[PDB]
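These notes are about the structure you will find just below.
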Amino acid sequence: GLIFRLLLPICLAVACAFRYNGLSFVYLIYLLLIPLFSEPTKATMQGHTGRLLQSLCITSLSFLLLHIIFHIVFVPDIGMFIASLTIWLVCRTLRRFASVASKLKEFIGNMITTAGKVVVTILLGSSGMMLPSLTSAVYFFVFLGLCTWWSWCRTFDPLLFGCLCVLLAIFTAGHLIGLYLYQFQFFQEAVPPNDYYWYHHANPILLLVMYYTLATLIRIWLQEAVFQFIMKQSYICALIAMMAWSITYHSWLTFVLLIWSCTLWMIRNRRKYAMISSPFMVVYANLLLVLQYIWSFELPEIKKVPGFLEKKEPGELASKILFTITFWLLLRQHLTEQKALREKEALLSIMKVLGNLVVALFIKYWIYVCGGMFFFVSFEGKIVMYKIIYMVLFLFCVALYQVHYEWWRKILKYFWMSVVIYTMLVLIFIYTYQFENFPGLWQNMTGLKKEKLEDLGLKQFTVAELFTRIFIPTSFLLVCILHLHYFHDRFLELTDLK
Ligand SMILES: *[C@@H]1O[C@H](CO)[C@@H](O)[C@H](O)[C@H]1NC(C)=O
């Protein structure tokens with residue numbers, strides 16, 4: 001019944017974790033071999049495997065003794081004793097955890113058998129981002145490829161999935177062999193893949209549990225009401241993550257993502273064009289992700305590009321994964337909806353008063369919100385030139401409204417257009433002033449002293465304050481375009497002299 005075997009994995013692991021010779025290597029081999037066979041039953045295969053393991057271990061102890069006796073630290077003995085005890089227990093076929101462990105095994109095995117694919121992908125991603133190298137690049141790339149394939153509608157038949165599991169299993173087997181076999185080799189650098197013996201001493205256990213889940217899976221394979229607003233928020237958060245990416249890993253590449261998000265904010269029907277441009281965003285995201293992972297290796301002889309992609313830590317990649325999953329979900333939704341529309345067209349071939357009241361209230365009382373946003377934009381932090389130009393525009397608008405009011409009714413939308421244009425220019429200028437040539441290019445082109453130039457807001461920020469310096473004007477632009485698109489013309493036709 002509750003006749004377990006994982007105890008043998010446990011003791012084989014603790015036995016191979018501290019002794020390193022040709023004697024423990026076979027113990028590690030058999031440890032790797034355990035998760036392939038079933039639990040002990042009325043069977044001959046697992047029985048003979050166990051019995052041969054015990055024979056080999058006892059004989060190895062005997063060989064150690066017959067070596068040490070010739071005269072013309074031996075925890076392996078206790079391991080052999082435990083192995084023989086388990087052999088006898090199998091031949092036979094206060095206390096709180098007895099059934100607890102059984103329940104744990106049962107529910108975890110059922111968790112594997114239901115949706116093992118996604119947990120394998122999660123393990124692949126974790127192993128990839130754990131310790132970057134050329135070897136872990138295999139795991140990371142197959143992770144990324146599987147996630148991209150799932151993002152598309154194209155599915156996968158289980159036999160190819162199983163052969164991929166077999167390939168990855170033998171690959172991680174060889175990887176663990178190299179890892180726990182390296183304690184003899186004599187090298188320190190000129191080779192990326194591994195190192196010698198959580199920062200980097202927690203990877204082998206992750207690879208081991210990965211291989212164990214893969215082994216259970218392959219063993220299984222050989223037993224022959226408001227969710228619309230939620231979709232809206234989904235594409236919105238995908239866009240905002242696309243924007244926020246270009247702040248963490250500042251480079252002349254992700255500037256295209258930032259400018260794309262900016263130019264996508266200011267469009268009439270943004271959902272349609274966002275869904276259209278979704279796949280390109282996904283492919284570009286994962287491409288620059290591969291570039292990130294490559295240039296985040298262990299070795300400093302890569303000669304990072306000065307203005308473009310540069311050198312980063314391994315930890316600063318999970319945030320990029322969190323960004324890319326938004327693109328993946330966006331593409332999934334877009335493709336599903338497009339397929340539904342296509343099959344539909346193939347098949348063919350009490351609260352209103354609240355809405356009216358609130359839309360009228362916004363038509364009449366939103367220009368004041370846009371005006372009040374000027375103060376929040378211009379009166380935060382230090383005082384610089386562009387924050388003064390903002391107030392200059394605001395005061396000019398108010399003065400022109402007070403003076404004539406006939407021109408002010410004709411030159412209103414042009415004001416908002418100029419405002420959003422100026423905000424875009426401010427974004428571009430404050431973003432580009434973070435490279436290396438620019439802080440000197442401004443002087444060499446237009447000679448101004450360092451602080452005299454910095455007084456215009458241009459300075460070297462940190463990864464925190466730049467979020468503010470980008471989003472505050474971004475929020476202002478968003479509010480302004482929201483006013484311009486929906487409420488402007490209705491407001492202008494509301495208050496007029498007929
Ligand atoms: C400023 O930088 C440029 C970069 O090409 C270089 O010619 C020189 O260092 C300076 N040029 C000036 C001062 O015009």
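Ordering of the structure tokens sets the chain letters (A, B, ...), residue numbers begin anew at 1 in every chain, and ligands are numbered from 1 in the order given.
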
Extract the full set of helix (DSSP H, G or I) residues from range 307-497 of chain A according to DSSP on the backbone, and format it as a VMD selection string.
chain A and resid 318 to 348 352 to 365 367 to 378 385 to 403 412 to 432 438 to 445 450 to 454 465 to 494

Near residue 308 in chain A, within 12 Å and counting only C-alpha atoms, which residues show up once chain neighbours fewer than 4 positions away are dropped, as a ChimeraX atom specification?
/A:249-255,288,291-292,295,303-304,434-437

Would you kindly return, as a list in words, each protein, DNA or RNA residue with an atom no farther than 7 Å from any atom of range 466-480 of chain A, considering only C-alpha atoms and excluding same-chain residues fewer than 3 positions away?
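These residues fall inside the cut-off: residues 247, 265, 370, 373, 377, 416, 420, 423, 427, 461, 462, 463, 483 and 484 of chain A.
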
Since we have the selection now, will you write its residues out, keeping N, CA and C atoms, as a PDB file, in the first residue's frame?
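In the end it all went to result12.pdb:
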```
ATOM      1  N   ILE A 247      11.939  51.912 -19.822  1.00  0.00           N
ATOM      2  CA  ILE A 247      12.471  52.712 -18.727  1.00  0.00           C
ATOM      3  C   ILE A 247      13.497  51.893 -17.956  1.00  0.00           C
ATOM      4  N   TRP A 265      -1.211  55.680 -27.997  1.00  0.00           N
ATOM      5  CA  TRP A 265      -2.123  56.360 -27.084  1.00  0.00           C
ATOM      6  C   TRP A 265      -2.996  57.361 -27.828  1.00  0.00           C
ATOM      7  N   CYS A 370      -8.915  69.180 -17.383  1.00  0.00           N
ATOM      8  CA  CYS A 370      -7.732  69.368 -18.216  1.00  0.00           C
ATOM      9  C   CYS A 370      -6.950  70.603 -17.792  1.00  0.00           C
ATOM     10  N   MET A 373      -5.107  69.917 -14.526  1.00  0.00           N
ATOM     11  CA  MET A 373      -3.961  69.029 -14.687  1.00  0.00           C
ATOM     12  C   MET A 373      -2.684  69.806 -14.989  1.00  0.00           C
ATOM     13  N   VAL A 377       1.052  69.129 -13.413  1.00  0.00           N
ATOM     14  CA  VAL A 377       2.182  68.844 -14.289  1.00  0.00           C
ATOM     15  C   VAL A 377       3.326  69.817 -14.040  1.00  0.00           C
ATOM     16  N   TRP A 416      -5.127  72.200 -28.177  1.00  0.00           N
ATOM     17  CA  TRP A 416      -4.900  70.863 -27.643  1.00  0.00           C
ATOM     18  C   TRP A 416      -3.932  70.078 -28.520  1.00  0.00           C
ATOM     19  N   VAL A 420      -0.451  68.449 -27.099  1.00  0.00           N
ATOM     20  CA  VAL A 420      -0.017  67.056 -27.180  1.00  0.00           C
ATOM     21  C   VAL A 420       1.287  66.946 -27.967  1.00  0.00           C
ATOM     22  N   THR A 423       3.981  67.934 -25.590  1.00  0.00           N
ATOM     23  CA  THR A 423       4.208  66.864 -24.626  1.00  0.00           C
ATOM     24  C   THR A 423       5.024  65.736 -25.240  1.00  0.00           C
ATOM     25  N   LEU A 427       8.640  64.462 -23.900  1.00  0.00           N
ATOM     26  CA  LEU A 427       8.958  63.056 -23.667  1.00  0.00           C
ATOM     27  C   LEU A 427      10.239  62.665 -24.391  1.00  0.00           C
ATOM     28  N   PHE A 461      19.137  60.967 -14.702  1.00  0.00           N
ATOM     29  CA  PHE A 461      18.211  60.486 -13.692  1.00  0.00           C
ATOM     30  C   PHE A 461      18.586  59.072 -13.262  1.00  0.00           C
ATOM     31  N   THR A 462      17.807  58.536 -12.331  1.00  0.00           N
ATOM     32  CA  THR A 462      17.914  57.153 -11.902  1.00  0.00           C
ATOM     33  C   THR A 462      16.691  56.384 -12.383  1.00  0.00           C
ATOM     34  N   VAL A 463      16.758  55.058 -12.255  1.00  0.00           N
ATOM     35  CA  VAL A 463      15.696  54.195 -12.746  1.00  0.00           C
ATOM     36  C   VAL A 463      14.370  54.422 -12.039  1.00  0.00           C
ATOM     37  N   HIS A 483      -9.816  64.135 -23.667  1.00  0.00           N
ATOM     38  CA  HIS A 483     -10.679  65.299 -23.848  1.00  0.00           C
ATOM     39  C   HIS A 483     -10.881  65.612 -25.323  1.00  0.00           C
ATOM     40  N   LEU A 484      -9.802  65.575 -26.107  1.00  0.00           N
ATOM     41  CA  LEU A 484      -9.888  65.992 -27.501  1.00  0.00           C
ATOM     42  C   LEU A 484     -10.763  65.056 -28.320  1.00  0.00           C
TER      43      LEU A 484
END
```

Contacts to ligand 1 at 10 Å cut-off (only C-alpha atoms and all ligand atoms) as an MDAnalysis selection string
chainID A and resid 437:438 440:447

Long-range neighbours of residue 213 in chain A as a ChimeraX atom specification, 8 Å cut-off, only C-alpha atoms, 4 positions minimum in chain:
/A:112,120,209,217

Residue with smallest distance to residue 336 in chain A - pool A:139, A:203, A:151, A:144, counting only C-alpha atoms:
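Comparing A:139, A:203, A:151, A:144 against residue 336 in chain A, the winner is A:151.
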
Counting only C-alpha atoms, the residue of A:110, A:60, A:286, A:44 that sits nearest residue 140 in chain A:
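Closest candidate: A:286.
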
Quick one: everything within 9 Å of range 87-95 of chain A, counting only C-alpha atoms, minus sequence neighbours fewer than 2 positions away in the same chain. Send it as a PyMOL selection string.
chain A and resi 3+40-42+47+50-51+54+82-85+97-98

N, CA, C and O atoms of the current selection, written as a short mmCIF file (atom, residue, chain, number, x, y, z; two decimals), in the first residue's frame:
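What follows is the written file result35.cif:
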```cif
data_model
loop_
_atom_site.label_atom_id
_atom_site.label_comp_id
_atom_site.auth_asym_id
_atom_site.auth_seq_id
_atom_site.Cartn_x
_atom_site.Cartn_y
_atom_site.Cartn_z
N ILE A 3 3.79 1.96 0.53
CA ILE A 3 5.18 1.52 0.51
C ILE A 3 5.92 2.46 -0.45
O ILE A 3 5.86 2.34 -1.67
N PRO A 40 7.32 0.07 -5.92
CA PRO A 40 7.53 -1.37 -5.70
C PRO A 40 6.20 -2.10 -5.60
O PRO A 40 5.31 -1.72 -4.84
N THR A 41 6.08 -3.17 -6.38
CA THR A 41 4.87 -3.98 -6.44
C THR A 41 5.29 -5.44 -6.59
O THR A 41 6.46 -5.79 -6.39
N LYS A 42 4.34 -6.29 -6.96
CA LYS A 42 4.65 -7.68 -7.27
C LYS A 42 5.28 -7.77 -8.66
O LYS A 42 4.70 -8.36 -9.57
N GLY A 47 12.42 -4.89 -8.68
CA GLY A 47 13.05 -5.71 -7.66
C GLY A 47 14.49 -6.05 -7.99
O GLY A 47 15.38 -5.92 -7.15
N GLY A 50 16.75 -2.94 -7.74
CA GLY A 50 17.11 -2.66 -6.36
C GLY A 50 18.12 -3.64 -5.82
O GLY A 50 19.11 -3.26 -5.19
N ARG A 51 17.89 -4.94 -6.06
CA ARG A 51 18.79 -5.96 -5.54
C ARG A 51 20.19 -5.81 -6.13
O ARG A 51 21.19 -5.98 -5.42
N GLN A 54 21.93 -2.93 -4.42
CA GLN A 54 22.43 -3.32 -3.10
C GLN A 54 23.67 -4.19 -3.22
O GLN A 54 24.63 -4.03 -2.46
N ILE A 82 21.07 1.04 4.67
CA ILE A 82 19.71 1.52 4.43
C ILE A 82 19.15 0.91 3.15
O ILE A 82 17.96 0.57 3.07
N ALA A 83 19.99 0.75 2.13
CA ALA A 83 19.55 0.14 0.88
C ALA A 83 19.13 -1.31 1.09
O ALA A 83 18.10 -1.75 0.58
N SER A 84 19.93 -2.06 1.85
CA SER A 84 19.57 -3.44 2.16
C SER A 84 18.30 -3.51 3.00
O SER A 84 17.49 -4.43 2.83
N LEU A 85 18.11 -2.56 3.92
CA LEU A 85 16.88 -2.52 4.70
C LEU A 85 15.68 -2.29 3.81
O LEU A 85 14.63 -2.93 3.97
N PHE A 97 2.63 12.01 10.00
CA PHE A 97 2.85 12.23 8.58
C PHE A 97 2.63 10.98 7.73
O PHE A 97 2.78 11.06 6.51
N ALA A 98 2.28 9.85 8.35
CA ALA A 98 2.20 8.58 7.64
C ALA A 98 1.30 8.67 6.41
O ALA A 98 1.70 8.29 5.31
#
```

I'd like the interatomic distance between CA of residue 23 in chain A and CA of residue 182 in chain A, to a tenth of an Å.
14.9 Å
